[PDB]
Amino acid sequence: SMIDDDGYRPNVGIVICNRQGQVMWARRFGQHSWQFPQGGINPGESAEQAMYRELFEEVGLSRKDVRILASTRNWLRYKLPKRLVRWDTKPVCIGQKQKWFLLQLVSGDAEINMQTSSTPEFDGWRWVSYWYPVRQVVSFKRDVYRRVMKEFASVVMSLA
């Protein structure tokens, strides 16, 4: 597995903004909860490669649909609430360790398609104001999200 010896699985997170400073907010399949797209890094691929792969399979966006504006320099970690840790699965994953990417959607909204995958983790999306995700994300991701949106704010604010 990719789980390091602390129990953190390497992970990539995606913040997609438009030219009006909104960010893409995605609903998880068959659930009430919304979040930014995120996915595990696979063996042999780097963070950026895992990002482009997860971007296409879950959001349907190509390399030419977006532009990389920024990325977080080091790992951001959150621990799963112990209610959700699957202890019988070894090596046990007690949390996720994430590198975050800020993308600008270069193409039109019509190039988003959340069904390019047989196994969609998301069944819907909408644009939301920049800081809305900090309140609405599930509690155990909130510290990561606040740090991410704080780091990315200057880039998004300095566009139109």
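Residue numbers run from 1 along the displayed sequence. Between two forms, the rigid core is defined as the largest C-alpha subset superposing within 1.5 Å.
A.B. asks: Fitting on the core, do the C-alphas of 66-74 or of 114-122 deviate more in 5 other deposited structures of this protein?
C.D. replies: Comparing 114-122 with 66-74, the one that moves more in 5 other deposited structures of this protein is 114-122.
A.B. asks: Please work out which of 131-139 and 108-116 has the higher mean CA B-factor as recorded in the PDB entry.
C.D. replies: Going by the record's values, the stretch with the higher mean is 108-116.
A.B. asks: For the C-alpha atoms alone, is the average B factor greater in 80-88 or in 67-75, going by the entry?
C.D. replies: On average, C-alpha B-factors are higher across 80-88.
A.B. asks: From the list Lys97, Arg126, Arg53, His32, select the residue with the highest C-alpha B factor recorded in the entry.
C.D. replies: Largest recorded C-alpha B-factor: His32.
A.B. asks: Using the B-factors in the PDB entry, rank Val59's C-alpha atom against the chain and give the third, lowest, middle or highest.
C.D. replies: CA B-factor rank for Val59: lowest third.
A.B. asks: C-alpha B factor of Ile41, ranked within the chain: lowest, middle or highest third?
C.D. replies: Tercile = middle for this residue's CA B-factor.
A.B. asks: Would you please rank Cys93 by its C-alpha temperature factor against the other modelled residues of its chain and give the third it falls in: lowest, middle or highest?
C.D. replies: Its C-alpha B-factor, which the entry lists for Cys93, ranks in the highest third among residues of this chain.
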